[PDB]
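Coming up is one lone chain in structure tokens, specifically the form deposited in one PDB entry.
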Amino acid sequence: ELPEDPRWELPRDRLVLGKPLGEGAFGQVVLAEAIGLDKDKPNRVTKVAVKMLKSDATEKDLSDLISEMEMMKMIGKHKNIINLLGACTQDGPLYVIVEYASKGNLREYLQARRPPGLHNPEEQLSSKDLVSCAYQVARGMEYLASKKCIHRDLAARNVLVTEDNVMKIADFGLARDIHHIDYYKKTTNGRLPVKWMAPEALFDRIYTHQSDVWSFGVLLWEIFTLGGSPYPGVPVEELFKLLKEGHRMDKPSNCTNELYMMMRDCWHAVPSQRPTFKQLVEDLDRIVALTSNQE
């Protein structure tokens, strides 16, 4: 039923399906092993993530999956985004093969590395490490912006960490125009997505790279609170009021005033006055070089 694309096509028999990994807006995604993903590496297996359709999936659900795959092909590859590795489209269910991130999303990664409870973590992140995650996400966002891709839901839950601690933006090719969004719908973790949305995207339904910069500011706040949850206990109706009044989240402890000013700039009420990702990459780059890893 679907057209063949020899660029990305991998034979179904070269893929060994493993355990689930989804149930988090990412759809039903499973871990797998791909044999000979590369033409020069036929005898080598690579762990990958595989997206597919559920049992009762309408012809529409199929439409969106195909578009996400096309979108990824157009956008191209980058170190800081979940990349497309291949696809199984002939003789069987549709399989979109993408990069696997063994350490999960950034929110979980940060929470699991929080300081000891007075909870007993096995690894801790230095200040340089934190600024470095911020830098990588900005790098991935800058690349996406350069390809005219507007994310629309930038948040730590949508940033993934590979076994080598590389940050990767996911869900950037997700089907759009679904902006008929239910402001009261909670994330699988129990948080309201509206808390990461620029006021113009939230009230005037206008989405731009500038609104993605506003989200990135919230994301920076998440990184420095070690996976803190914005506006805890605040319901949608009250969030609208907080934004109409120009309220801004407070400064996280263990956060330099410069990083907090960066957050405040991303939260400028005027979209054109917010920095760009190009500017954020440069600032963060400089700051990383100057931030101490307690060495």
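Position 1 is the first residue in the sequence shown; the rest follow in order. Just so we're on the same page, rigid core means the largest C-alpha set that superposes within 1.5 Å between forms.
There is another form of the same protein, the form deposited in another entry; it is not shown, and what comes next is about it.
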property	result
Moved residue between the shown form and the other one - picked from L130, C88, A101, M197, where its Cα shifts 2 angstroms or more relative to the rigid core	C88
C-alpha of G36 moved at least 2 Å between the shown form and the other one on rigid core	yes
Core-superposed C-alpha of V281 shifting 2 Å or more between the shown form and the other one	no
Core-aligned C-alpha movement of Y207 between the shown form and the other one reaching 2 Å	no
Direction of the Cα shift between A175 and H151 in the other form, where the change is 3 Å or more	closer
In the other form, shift in Cα separation for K185 relative to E108, 3 Å or more	farther
